[PDB]
Structures are given as C-alpha cells and as structure tokens.
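K.L.:
piece number one of the complex, untouched:
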Amino acid sequence: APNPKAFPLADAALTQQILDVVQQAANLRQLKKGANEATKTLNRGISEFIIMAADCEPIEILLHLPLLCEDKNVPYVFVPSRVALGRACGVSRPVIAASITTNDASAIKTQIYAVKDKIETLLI
C-alpha cells in the first residue's frame, strides 16, 4: 500500500492522464526526469508541474520536492508507480521525480495546463 506522506497521491484516471502528459513531454523534450533535475527545474522556475513517485522507498529522498513546490507555487502530485513513471519518461530504470517544464510554444501546452489544473484541484 502507498505511503501517507506521499501526498497528494493522484487517483487512477488522473494518474494515467499525468503519465500520458509526461510521455508527450518526453517526446517533445519538455520534460526532465530525476529528483535532482526536478529540483533544478524548480530553482530555475521552468517547472510547470512536478510528478513524484509514492512508491519511492525511502520516500524521504523526494519529500523536499513537495516543500520546494509549496515555496515556489508549482502544483505537484505523487503517482503510485515509479516503474510506470520511468516508462512514461522513457527510461527502463524506475524513476521517482519528473518535471514537465514550461514552454509557451508547445503543441501540448493545453494538455499540460489541464493536468496542472487537475493537480491544483487535488492540493487543498
């Protein structure tokens, strides 16, 4: 079962949507995988929204990213499966953190925005 501190966890459909978005971004180079890269993105400001893995053990290695997001007002979720996330990113190896980055002239801008909105809805 998934971690309590990994919050907000997505729901299934939402998770799927997010992964699709990630995949799209990966194809368009508008994504960055990896805790450290996510952090970098956040620092820059380029992060549109952050996707983490709930099933990161030891969860602690993420649980700065959420804080960062909060302090930068970037929405964020955890999805459940790090394997799935990795696959979406385009990496066989299992991944914990990714960042869909900003770029006005993306084909997938609209889609990304939708996902962002959804993420925001979750937060409270």
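P.N.:
Right, received. Where do you want to start? Numbers count the residues shown, from 1 in each chain, chains lettered A, B, ... in the order given.

K.L.:
enumerate every residue touching residue A:53.
P.N.:
Contacts here follow C-beta atoms under 8 Å, 6 or more residues apart in numbering; on that basis residue A:53 touches A:6, A:62, A:78, A:79, A:80, A:81, A:82, A:85, A:94, A:95, A:96, A:97. For every residue, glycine as well, the C-beta is placed using N, CA and C.

K.L.:
grab the nearest non-local neighbour of it.
P.N.:
residue A:82 (3.7 Å; C-beta to C-beta, 6 or more residues apart in numbering).

K.L.:
can you count the residues close to that neighbour?
P.N.:
Around residue A:82 there are 20 other residues, counting by other C-beta atoms under 10 Å.

K.L.:
measure it to residue A:23 for me?
P.N.:
Residue A:82 is 15 Å from residue A:23, where distance means C-beta to C-beta, to the nearest Å.

K.L.:
neighbour-wise, which one of the contacts of residue A:53 leads?
P.N.:
residue A:78 (30 neighbours).

K.L.:
correct me if wrong, but that residue is in a strand.
P.N.:
Yes - using DSSP: H, G, I helix; E, B strand; the rest coil, the assignment for residue A:78 is a strand.

K.L.:
for it, list each beta-bridge partner.
P.N.:
Assessed by DSSP bridges, residue A:78 has beta-bridge partners residue A:9, residue A:52.

K.L.:
return the residues in contact with it.
P.N.:
Neighbouring residues of residue A:78 by C-beta under 8 Å, 6+ apart: A:2, A:6, A:7, A:8, A:9, A:10, A:51, A:52, A:53, A:54, A:62.

K.L.:
also put chain B on there:
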Amino acid sequence: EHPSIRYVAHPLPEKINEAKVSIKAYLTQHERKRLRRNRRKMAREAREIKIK
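P.N.:
Now chain B, sitting on the chains shown earlier:
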C-alpha cells in the same frame, strides 16, 4: 435507553466501486526498437524459410 449512551459505533465503511482502468504501460525508445527489430527479424526469417 432507546438509543444507548454506553456503546461506540463502528459502522460499515462503504467502499466505492473504482473503475479498473488497466494502465497504458509505455515503452522506452530502446525497448520499442528492440520490439521492432525482433518482430521484423522473425518475419524475415519466416520469409527466408518459406523461400529456401
């Protein structure tokens, strides 16, 4: 007495029927390439055999 002041209830938590959306598991570029390489290779082999 009619509604008791002794007991603490723990009623049945109604679990909502969640729709199992079987996940689109994606592939790595490399994985995709491998898939393409192997199927195509197999096909080629078949052709060769079914022509040699």
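
K.L.:
now with chain B: the contacts of residue A:78?
P.N.:
A:2, A:6, A:7, A:8, A:9, A:10, A:51, A:52, A:53, A:54, A:62 (C-beta atoms under 8 Å, 6 or more residues apart in numbering or on different chains).

K.L.:
disregarding flanking residues, what is the spatial nearest neighbour of residue A:69?
P.N.:
Take residue A:69 and drop its neighbours on the chain: the residue closest to it by C-beta to C-beta, 6 or more residues apart in numbering or on different chains is residue A:76, 4.4 Å away.

K.L.:
I'd say that neighbour and residue A:54 touch.
P.N.:
No - at 11.9 Å, residue A:76 does not count as touching residue A:54 under the criterion of C-beta atoms under 8 Å.

K.L.:
quick check: residues of chain A near chain B?
P.N.:
Contact residues, chain A versus chain B (C-beta under 8 Å from any C-beta of the partner chain): A:12-13, A:15-16, A:19-20, A:23, A:81, A:84, A:87-88, A:90-92.

K.L.:
out of those residues, what pair is the most spread apart?
P.N.:
A:13 and A:92 (25.4 Å; C-beta to C-beta).

K.L.:
secondary structure element for residue A:110?
P.N.:
Assigned by DSSP states H and E, residue A:110 belongs to helix A:109-123.

K.L.:
most centrally placed residue in chain B?
P.N.:
residue B:22 (4.2 Å; C-alpha atoms, centre = their mean).

K.L.:
using the three-state scheme, assign that residue.
P.N.:
From three-state DSSP, the assignment for residue B:22 is coil.

K.L.:
for it, what are phi and psi?
P.N.:
phi -60, psi 130 (degrees, to the nearest 10).

K.L.:
okay, chain C goes in next:
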Amino acid sequence: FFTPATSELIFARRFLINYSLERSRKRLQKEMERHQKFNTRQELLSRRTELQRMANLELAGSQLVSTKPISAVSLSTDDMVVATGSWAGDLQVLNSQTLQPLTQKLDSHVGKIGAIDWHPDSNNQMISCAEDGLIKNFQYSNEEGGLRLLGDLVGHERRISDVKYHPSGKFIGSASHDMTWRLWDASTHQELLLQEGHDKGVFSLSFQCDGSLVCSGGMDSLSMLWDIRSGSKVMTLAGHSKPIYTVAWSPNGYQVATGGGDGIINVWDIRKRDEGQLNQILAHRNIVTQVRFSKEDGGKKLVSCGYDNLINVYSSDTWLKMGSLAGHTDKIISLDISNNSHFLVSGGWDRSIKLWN
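P.N.:
Alright, chain C goes in next:
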C-alpha cells in the same frame, strides 16, 4: 454493528445531551418567536439590504504573512483579531481591521497547518491542527507577547485536516486523512471518540451550533451527520461526487452546508424528513475550500471561497450567487466572516490575508 464502550465518553455524553438539549430547545423557542412576530415587508427589505451590502464589499486590505500559502484564517470569538495558519507551520495573528501582525510562531508545527479554530469561551485559547499530526491549544495574550501553547493532543496517526470546538467549549473535534474523526476532552486533553465511518479520510468536521449533531465530511464524498451522544448517523453521501473539503452549519441548526471538490455546495439536512436539498449551489468554477454562515452573531448568510480566485456570498433562503468578490490574485484556501458585521477576512495561495469592506 461492532459496538464496544468507554467511561469518560459516558461521563461526557450525558452532559453533552443535557447541554445540547436545553440549548436546542432555546433555539427552537427563538425560531418560534421569530415566525410569530415577522412580516412580509420589513424583514424582506432588510434581507435585500444585507445582500446588497455583501455584493458591494470590496477588498480593503491585503496583508501578506508567510513564505508558503495561508491554510487557515480564523476570526476570534471577540471578532477583534484573526489567526492565520500557513503551510510552513506558523500561525500569526493580526488585529483584524488594520491587519498588522502581533507575533510569529514557526516553532509550533513542523508540517502544514490545517485549520485553526478559536475557543468559543471568549477566554482565547485557540486550537489548530496540522499534517504535522497533532493539535495544539494556545492561550493567547494581547499583551504578554503573542501565543503560548497549553497542551498537545496526539490521537491521530496520519495528517489532520480540520479541528473545531464544540459550542460548549468542553470538546474539540478533529478530523484527519486517517479514517476517523475524534472528539477530545478540552480540560484533560484526552480522547473519547473515533468514528471509523469512511473508506478514505475525514477531511472536515462541523458541529451543529446547538451541540447535537456533527457532520463529518469525508474524502469519499460521504457526509455523515453524527449524533455524538448516540454514535448514530443521519447521512447523505448523495450530495457530492468529488471530496467534501468543508462543511458548516447555518447556526440555526435548520441546515448543514457541505462544500466540495465538485464545487457544488450542497446545503441539506432539514425539518424535511425526506432530507431533500432545498438547493444545491454552484459555488466556484474550480473547487470549494471553505464554507461559512455568520448568523452568530447577525443574520444567516452563506459565504464561500474556492480555488477559483473568488469568494462569494449566498442568501440562506434562496441560495444564489448574490455577489462575486474579486480580490485575491491566486487561490483562496480559507476565510472567515465578522460575526457582527460585513467584514470578511480571507486567505490563500496569494500568500496574503485580505479584508472586505
């Protein structure tokens, strides 16, 4: 179904029943009196005026607070100062009308502040929750400094959403992302209840102001009205589709009002035994964060803020968007209304508190 017991609860439960009952009776009497002496014209006119006033509120003062966003904004019982929890784990307090700080307290919570409530006994010992996973009472002094904590109350395991004070002052209810909602003994700081009645967490509580009934709004969309005394429920989940992030009663026990993720504020539980909604209200484009009323002290006026960048106000008979409140730049996560008057204090993701006058 699955029914054990405890002695402290029993001791308290009788008291609750007594207190609730007398108060309830009084309320009923008041209501009766009201109908008896009212008229079509003047009352209606007054209501209209009130509505107009609400509409023509504008953003008076937006005072920033904290690094992270402002989870909770709670106006004192006295109605003089407001308390503002931010996500960092700090609960600054501001003299409402001017809106200037008294102190800061980062070393209180480590996690995200949940809700802050003020104690209904004017003697100001506000409570506040967190994802931190513990509630803290704070004996507030205007002069001494700012806040001193009294007692911490470890009951829940997971992160908390919302605490309230039961209108007596002897109890503090707290609901959490764990499955339960838990009522506390104000004096000794020890638990009694734990209603495991939702498949996901209890995201919000709300006591009825008479003191009989508590609506537990769950993350499941199962809003359960618990007779605390009985441990017995008069529920409708058939309100909401997404999670019930808030619930709050018209102080006139007459109504519960649950605000949602679906955005639709559902105002139900009525004299009507069929339990049908006089209405559902379309509150905010995105989600609803807070719902409030204000008939303590004045008249009954629904007010809600959302993740749409708008507060708005609804007539407690009609249920209508009587007026949008543009004022925040970003999301609004919490709000309170001035008991006596027209004077809203609301906060959020803009990372400011804001007044409306």
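
K.L.:
ok chain C is loaded, check the contacts of residue A:53 again?
P.N.:
Shown in contact with residue A:53 (C-beta under 8 Å, 6+ apart): A:6, A:62, A:78, A:79, A:80, A:81, A:82, A:85, A:94, A:95, A:96, A:97.

K.L.:
I'd like to know how many residues surround the closest residue to the fifth one other than its chain neighbours.
P.N.:
Ranked by C-beta to C-beta, 6+ apart and with sequence neighbours excluded, the top spatial neighbour of residue A:80 is residue A:54, at 4.9 Å. Residue neighbour count, defined by other C-beta atoms under 10 Å in any protein chain shown, stands at 26 for residue A:54.

K.L.:
and residue A:54, what does it touch?
P.N.:
A:2, A:3, A:6, A:9, A:78, A:79, A:80.

K.L.:
wait, doesn't the first one sit right on residue A:10?
P.N.:
No - the criterion here is C-beta under 8 Å, and residue A:2 misses it with residue A:10 at 10.2 Å.

K.L.:
shared neighbours, the two?
P.N.:
Common neighbours of residue A:2 and residue A:10 (C-beta under 8 Å, 6+ apart) are A:78, A:80.

K.L.:
packing partners of the helix holding residue A:110?
P.N.:
Using 3 or more C-beta pairs under 8 Å, 6 or more residues apart in numbering or on different chains; DSSP states H and E, the elements in contact with helix A:109-123 are helix A:12-27, strand A:47-53, strand A:76-79.

K.L.:
so which of residue A:2 and residue A:10 has more stuff around it?
P.N.:
Comparing residue A:2 with residue A:10 by other C-beta under 10 Å, the one with more neighbours is residue A:10, at 20 against 15.

K.L.:
look up the closest residue to residue A:77, ignoring the ones flanking it.
P.N.:
Using C-beta to C-beta, 6+ apart and skipping residues adjacent in sequence, the residue nearest residue A:77 is residue A:10, 4.8 Å away.
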